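Visitor: Quick check, what structure comes out for this input:
(chains A, B, C and D)
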2 protein chains.
Amino acid sequence: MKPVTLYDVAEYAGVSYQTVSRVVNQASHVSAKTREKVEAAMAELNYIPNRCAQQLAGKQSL
Amino acid sequence: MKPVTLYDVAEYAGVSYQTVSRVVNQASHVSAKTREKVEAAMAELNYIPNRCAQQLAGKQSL
DNA sequence: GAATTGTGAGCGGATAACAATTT
DNA sequence: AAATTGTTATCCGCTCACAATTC
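Guide: Residues are numbered from 1 along each chain as shown, chains lettered A, B, ... in the order given. Below you will find the coordinate block:
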């Protein structure tokens, strides 16, 4: 109930939603500054991956 | 687990993914000929209808 | 015109690459 | 050149629309 998208995390962090995909997967081209902000945002919004959209798009991850 | 998609069923029945979805949904534009072929094909590969994808495809609502 | 069947695009989301800027 | 950040395009099982064919 009331999930959190990777979009919410980006919006709060003040970065592009792709910046999250980066920290989540391609840590490359991701400075510690931005990385730390995204990681912290995951707790702020209480990031709960879109079980429907993620499983669909190709990111079930258990 | 093998997440069989409507494409896998359509490929087995020799139909379209739209046809498969029409059979799974049981709404309109579906003939009994293809319906019984899709229900049979989805039984071979053990197709699991994704309700999450359905919610998304039909515009994720609250 | 509607139904049937197939193809294309979108839903809302994510992933990857490219261009520009900084170091 | 490499790293960093933002942006565009494509992909995902499913649904809708469009196109073609048949009724």
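
Visitor: State the three-state secondary structure for residue A:47.
Guide: Three-state call for residue A:47 (DSSP: H, G, I helix; E, B strand; the rest coil): coil.

Visitor: residues in contact with it?
Guide: A:4, A:6, A:8, A:9, A:41 (CB atoms under 8 Å, 6 or more residues apart in numbering or on different chains). From N, CA and C alone the C-beta is placed, and that goes for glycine too.

Visitor: same deal with residue A:19?
Guide: With the criterion set at CB under 8 Å, 6+ apart, residue A:19 makes contact with A:10, A:13, A:30, A:34, A:38.

Visitor: Do me a favour and get the backbone dihedrals for it.
Guide: phi -60, psi -30 (degrees, to the nearest 10).

Visitor: What distance do you get for it to DNA strand D?
Guide: 4 Å (CB to the nearest atom of the strand, to the nearest Å).

Visitor: nearest residue to the residue of chain A found nearest chain B other than its sequence neighbours?
Guide: Nearest to chain B, among the residues of chain A, is residue A:52, at 3.1 Å (CB to the nearest CB). Distance criterion CB to CB, 6 or more residues apart in numbering or on different chains; nearest residue to residue A:52, sequence neighbours excluded, is residue B:52 at 3.1 Å.

Visitor: With residue A:44 instead?
Guide: residue A:12 (5.7 Å).

Visitor: in the strand or helix carrying the one you found, what's buried?
Guide: In the assignment (DSSP states H and E), residue A:12 maps to helix A:6-13. For helix A:6-13, the buried set under the neighbour-count rule, 16 or more other CB atoms under 10 Å in any protein chain shown, comprises A:6, A:8, A:9, A:10, A:12, A:13.

Visitor: and the helix or strand encompassing residue A:40 with DNA strand D, contact?
Guide: Element membership of residue A:40, judged by DSSP H and E, is helix A:32-44. Yes - counting by CB under 7 Å from any atom of the strand, DNA strand D has neighbours in helix A:32-44: A:32, A:33, A:34.
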